[PDB]
Each structure stands twice: as C-alpha cells, then as structure tokens.
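Asks: PDB entry and its sequence, pasted below:
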Protein chains: 2
Amino acid sequence: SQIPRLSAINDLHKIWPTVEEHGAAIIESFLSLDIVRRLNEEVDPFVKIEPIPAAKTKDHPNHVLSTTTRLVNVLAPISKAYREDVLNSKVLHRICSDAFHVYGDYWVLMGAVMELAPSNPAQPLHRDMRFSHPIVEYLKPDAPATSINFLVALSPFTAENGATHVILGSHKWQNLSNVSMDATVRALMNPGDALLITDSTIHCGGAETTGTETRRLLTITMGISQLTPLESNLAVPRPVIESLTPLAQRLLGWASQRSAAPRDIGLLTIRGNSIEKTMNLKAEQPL
Amino acid sequence: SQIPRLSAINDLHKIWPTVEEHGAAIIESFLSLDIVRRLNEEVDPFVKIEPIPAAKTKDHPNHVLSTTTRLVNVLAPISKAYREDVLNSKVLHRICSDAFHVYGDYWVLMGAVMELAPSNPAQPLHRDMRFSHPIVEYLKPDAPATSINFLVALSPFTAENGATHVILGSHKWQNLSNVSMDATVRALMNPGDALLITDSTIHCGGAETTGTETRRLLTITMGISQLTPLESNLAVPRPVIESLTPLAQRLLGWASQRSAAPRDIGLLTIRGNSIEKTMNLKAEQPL
Ligand SMILES: COc1ccc(/C=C2/C(=O)Nc3ccccc3C(=O)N2C)cc1
Ligand SMILES: COc1ccc(/C=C2/C(=O)Nc3ccccc3C(=O)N2C)cc1
Ligand SMILES: O=C(O)CCC(=O)C(=O)O
Ligand SMILES: O=C(O)CCC(=O)C(=O)O
Ligand code: NI
Ligand code: NI
C-alpha cells in the first residue's frame, strides 16, 4: 500500500484525518511552483555557504546529520516567499488547527531548507524530536501528536535520487521489532508537493544513487506552543517582524500564546498582557 | 505525618530526594532575611497597583485566581535582589540540576510575588500547570516531574493566616478519589523559608482567618527548557539583561538551551549558533 496522495485545495478537509490514520500523506501542490521558484532563488546561496552540520565554529553543532547534508534555518530574514506565503498558507493552518485543537496554539519549532549532495547515503529509520525534546518519549503512547513535519519538495523526489521512506501505521507502533527498510514505501513527489508526517511516524531520507542529482526540501516542523522551538527568531530585525501578519509573528514566537485549557492563563505573557501589546509591535508594515 | 523540614545549607543534598519521595519539603532559610527584606521593598509598590487578575484592560486575563489575590511576574527589571541573588541561588540550582538531569537544561516558567488580602478564601486542592500546559496531563503517570514550584515565605506562614496545604504522597496518586482537605498538612514557615513541591503535588493556599494579616510569597516555577514559560522577558531592557550572570540570562530565555539527549542539537539556536553569540550578548555589565 502506497502513501495516500491528496489535492491541497479540493481534498484539504481529508488531509489531517488521512495522516491521523496512516501516519503520512502526500499533499499535491502544497506550494505553487511560483513560491517554489522564488524560495529556491532566495535560499539558493545560503545552502552553499553553510558549514558542515558539526562545524568547529558552531557552539551548537549538529553531530547527527551527514557531512554531505546542508541545513539552513531561521528563514524569515532570508526569504520573502517563506515569511509571507508559507507562514500564511491556508492549507498549513487548516491542517495544524485540525491536529493541535486539543492542545491549543501552535508555532514553527523549525523551518529549514535541507540540500543533499549527490551520493548522499540514506538516513537510519527514526522518529523526529529525539535529539531536542526527550519529554516526547515520556508521553502516553495514545497521546495525540504534539508536532508534525511538512517535507516540501523544492526539487523532484524520485526512487533514484533519495526520495523519503515511510512505514505507514508506524506512528501507532509501541513495539519497534518490525522496523526495517523492507516495511517502507517512497514519497515520489514533484516540486511544490509535501510529505506530511507526525513526530511518531518512522521515516528516513533515501539513498542518492544517481551520483549526479542534488535533492532539496523545505522541512516545516509545526508543534504546540507549549514546546520550545529548535530555532530562535530573537535576532530577526524588528522591521522584518513588523512587515509580517499577526499570525506569522505568532509562528516565529513574536507574540504571546494560548493553551486549549478552559480558563487558559496563557504562555509568554507580561503581567496579564501580551508580548505584541507590551512592545507596541506593528503588523504588515512594508520595508 | 508533617512536611519534612531541611536546612538549605547543611541538608542541601537531601532536599530533592525528600521531595521525590514525599512530594513536598520545607527548606529552612532558603533565602537570607537580607534578600527577603530587599525583595519586599523592591516589589512592595508593584503588588498594590496590579489590577484584579481578570482585569478588562489585560488581553491575557487570569480568570482562576481570587479577586482578593494580587500577582506580579517578570521580576527581573523590578528587583535587583531577584535577578542577582535568587536567579544565582546555589541551593535552587543544586535542586533543579538534581530534579531535571534526565531532561536537560531548565529555566523560570514563572517567577511571581503573590499577596493575599485579609479574609482571602482557601484555593481548591489542585495540581499546577493545568491552565497553561495541557501536555503535562498526557505524560505517563511515572514520568519524572517536568516542573517544580518553590513557594518562598516573604511574610510569616501560620495556620491562622492561610499557610499552604499539601497532601504528602499525592504526586504519585493516579486515582484522585481520596483528595480532600482532611488529607492535608500545613506549611508553617518563617520569612525566607521555602515550600518545594512538584507539578503533581496536590496543594492549595489556606484560608486567611485572622481578618487582619496579609500573606505574601515568591512563587518560582522551575521547569525543563523544552516547555514554554508562562512569562516573557522579551521586553526587559537589554542593559538589565547584560547586567546578569550567563546562568541568570539562560533562566530568563536570553540564551539557547540544551536537552540531555546524547547528541543534543539544542533549543532556540540560530544556524548552529546560540542566541547570546549571534546577538553579541554581554554578561555582568553594571548599570
Ligand atoms: C542521519 O540520521 C538522522 C539525522 C537527523 C534526524 C532527526 C533530526 C530531528 O530530530 N529533527 C530535525 C528536523 C528537521 C530537519 C532536521 C532534523 C535533524 O537534524 N535531526 C537531528 C534523524 C536521523
Ligand atoms: C483559586 O484556584 C486556583 C488558582 C490558581 C491555580 C494554579 C495556577 C497555575 O497553574 N499556575 C500558577 C503558578 C504560580 C502562581 C499562580 C498560578 C496560577 O495563577 N494558576 C492559575 C490553581 C487553583
Ligand atoms: O531527507 C529526507 O527526506 C528526510 C530528512 C529527515 O527526516 C530529517 O532530516 O530528519
Ligand atoms: O497561596 C498559596 O500558598 C498557594 C498558591 C498557589 O498554589 C497557586 O497560586 O497556584
Ligand atoms: Ni526525520
Ligand atoms: Ni498551585
């Protein structure tokens, strides 16, 4: 059985339910090729600069990602297309509100562009959040997902060039004795298509076997506002933050957050008042 | 059986173990009367101003606390004694590192001064974090505490003036059919003494029965850096933040955080670098 494929527009209401059941779904045309085109140009440089994940100058080195991997996060000040189009995506917000209504508000735990060099090896089968949020390992096995991961194709995803592997149903697995590449199916996708998975879905990047092609993706980890992001937007110029929608500002942590609790007392408040009120934060001011 | 009483200095090593077993411990002389004296003077005004918890002008009103309650959080810019002495307390840090080593780094989820007016009613028996972090309700019942609460007496705590009630052992209770005021004991404390409880310890503020006395306390909720604080320090003047120790800065969220995971990739990082590095953040610069 292959990964369910759904229309971003016509099947929007079916997307989260499908992921809730199977643990994965391909969203066809999640982003328009226009947005993909612009985003690829805006991050195009920043990919080639980034040192090796475990670079000596980095004070928080990533010792897990392969040396043939390049990751660039904190995209707001880099990409207009990201901070305007992606962070206000009607599809992304309908899915996230469907997934996280039991917990309350959500934000970006990490938005990053990943580029795999040719002959990049397959990643080991894994669950996300294990190198950042140990707490997730202590949740009851039937606890609803506290984070989801949109893996958006910025280049063609094929069997040969290392398209993502997933084990359908693996988000409900307590016993991991069955975990093997034998149990996986491939996320074959065009640029703008998105693989949506949960923090419990067992998956891995495929092997780049062409020796010529470079695979690029935008990974958006959306999580509940009760969990700390992997990335900080604190250093983002205030003119850039004031150029965003109020909703985009909230996703980057430049706003107070609410829990779903009946009499919610809130998160990141200042004596009963919000970040954005206290600091007189403007919205949608052009640069 | 009464709440175990321990010396902050001589019994430091026994404090967390005692709380781990019984769910509560009185730390005698947690703060020196000097620090208590200064703190009481520095917050003295801010207590009397604060509107009712559910004030109309507040965009995050607190609908839970009684109208005869006054709470003031974000103490860093208010109190020198707080941001210098309390946030660098050797006792607090030994306890927190003992409690949270399995999860990793910790910070202040909320530091607040609470003042109860005379004839203030007793709070209902409760567990903390239920109006902010629903996720805590989805943790396995044997999961180690992800937050603890230091309730520091800034005025004498007596049976008559509404000293805190606790049910010893209640942090391990799955079945809550036994919960009643009949099962509680009192936290009788002098100024500078601290009641330490977990997020699972069932407790409540006592009834102020004198009709004359005002009870004041400093509540410090210390939690793992994977959970979002209730309070934001984002609006704190940068000169004030640069006047703090690096450790104090981390506790207020003006630094990147680390998980206990073997190959930790970190929290609130900026392309492999920390907040404090990226923004050229100084430490211990006098005002
Ligand atoms: C080679 O084996 C791996 C390498 C990485 C992971 C998983 C993670 C992770 O938990 N979170 C994210 C989320 C988005 C993008 C990257 C990462 C990441 O870097 N790590 C460490 C697993 C297995
Ligand atoms: C009258 O009944 C109550 C009122 C409050 C709580 C509990 C909380 C809470 O979960 N967290 C804190 C932590 C420190 C200080 C105050 C609070 C607070 O305001 N609330 C809402 C319970 C029961
Ligand atoms: O490259 C991929 O398709 C998977 C990436 C991933 O799962 C990860 O980096 O955690
Ligand atoms: O006033 C007290 O002693 C208890 C306060 C408290 O538990 C609370 O506000 O949550
Ligand atoms: Ni992954
Ligand atoms: Ni309480």
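Replies: Right, received. Where do you want to start? Numbering: from 1, shown residues only, chains lettered A, B, ... in the order given. Ligands and ions are numbered 1, 2, ... in the order given.
Asks: what residues does the stretch 151-287 of chain A have near ligand 2?
Replies: The stretch 151-287 of chain A comes close to ligand 2 at residues residue A:265, as judged by C-beta under 6 Å from any ligand atom. Every C-beta, even on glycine, is put in place using the N, C-alpha and C of the backbone.
Asks: what sits against whichever residue of the stretch 151-287 of chain A sits closest to ligand 1?
Replies: Nearest to ligand 1 in the stretch 151-287 of chain A, going by C-beta to the nearest ligand atom, is residue A:219, at a distance of 4.3 Å. By C-beta atoms under 8 Å, 6 or more residues apart in numbering or on different chains, residue A:219 lies in contact with A:110-114, A:149-152.
Asks: same check, this time on residue A:135
Replies: With contact set as C-beta under 8 Å, 6+ apart, residue A:135 has these partners: A:227, B:103, B:135, B:139, B:146, B:224, B:226-227.
Asks: can you select the buried ones among those residues for me in PyMOL?
Replies: This is the PyMOL syntax for the buried subset of these, where burial follows 16 or more other C-beta atoms under 10 Å in any protein chain shown:
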select buried, (chain A and resi 227) or (chain B and resi 103+135+139+146+224+226+227)
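Asks: what residues does the stretch 51-200 of chain A have near ligand 3?
Replies: Going by C-beta under 6 Å from any ligand atom, the residues of the stretch 51-200 of chain A near ligand 3 are A:114, A:123, A:128, A:151, A:164.
Asks: between these, which is nearest chain B?
Replies: Nearest to chain B out of those is residue A:128 (C-beta to the nearest C-beta; 10.8 Å).
Asks: can you get me a residue count around the closest one?
Replies: 22 (other C-beta atoms under 10 Å in any protein chain shown).
Asks: likewise residue A:192?
Replies: Neighbours of residue A:192 under the rule other C-beta under 10 Å: 21.
Asks: just checking, it touches residue A:37?
Replies: No. Using C-beta atoms under 8 Å, residue A:192 is not in contact with residue A:37, being 9.5 Å away.
Asks: rewinding a little: among the contacts of residue A:135, which are in strands?
Replies: Among the contacts of residue A:135, the residues falling in strands (DSSP state E) are residue B:224.
Asks: just the strands in the stretch 1-150 of chain A please.
Replies: With DSSP state E, counting those that start in this stretch as the criterion, the stretch 1-150 of chain A has strands at A:5-7, A:24-28, A:69-73, A:106-116, A:147-153.
Asks: and the residues of the stretch 51-200 of chain A next to ligand 3 as TSV, adding distance to residue B:63?
Replies: Listed next are these as TSV, based on distance: C-beta to C-beta, whole Å:
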residue	distance to residue B:63
A:114	44
A:123	47
A:128	36
A:151	40
A:164	45
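Asks: relative to ligand 2, which of those residues is nearest.
Replies: Comparing those against ligand 2 with C-beta to the nearest ligand atom places residue A:128 closest, at 29.2 Å.
Asks: name the nearest residue to the residue of the stretch 151-287 of chain A found nearest ligand 2, ignoring sequence neighbours.
Replies: Nearest residue of the stretch 151-287 of chain A to ligand 2 (C-beta to the nearest ligand atom) works out as residue A:265 at 5.0 Å. Spatial nearest neighbour of residue A:265, chain neighbours left out: residue B:131 (4.5 Å); criterion: C-beta to C-beta, 6 or more residues apart in numbering or on different chains.
Asks: can you pull the contacts of that neighbour?
Replies: The contact partners of residue B:131, by C-beta under 8 Å, 6+ apart, come to A:259, A:261, A:263-265, B:64.
Asks: which among those count as buried?
Replies: Using 16+ other C-beta under 10 Å as the burial test, the contacts of residue B:131 include A:259, A:261, A:264-265, B:64 as buried.
Asks: now render those as a markdown table, adding distance to residue B:48 and secondary structure.
Replies: Formatted as a markdown table, those follow (distance: C-beta to C-beta, whole Å; DSSP: H, G, I helix; E, B strand; the rest coil):
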| residue | distance to residue B:48 | secondary structure |
| --- | --- | --- |
| A:259 | 30 | strand |
| A:261 | 29 | coil |
| A:264 | 27 | coil |
| A:265 | 22 | coil |
| B:64 | 21 | coil |
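Asks: re the thing from before, in a markdown table, list the strands of the stretch 1-150 of chain A along with mean neighbour count and distance to residue B:52.
Replies: A markdown table is the format used below for these (neighbours: other C-beta atoms under 10 Å in any protein chain shown; distance: least, C-beta to C-beta, whole Å):
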| stretch | mean neighbour count | distance to residue B:52 |
| --- | --- | --- |
| strand A:5-7 | 16 | 49 |
| strand A:24-28 | 24 | 47 |
| strand A:69-73 | 21 | 42 |
| strand A:106-116 | 23 | 30 |
| strand A:147-153 | 24 | 36 |
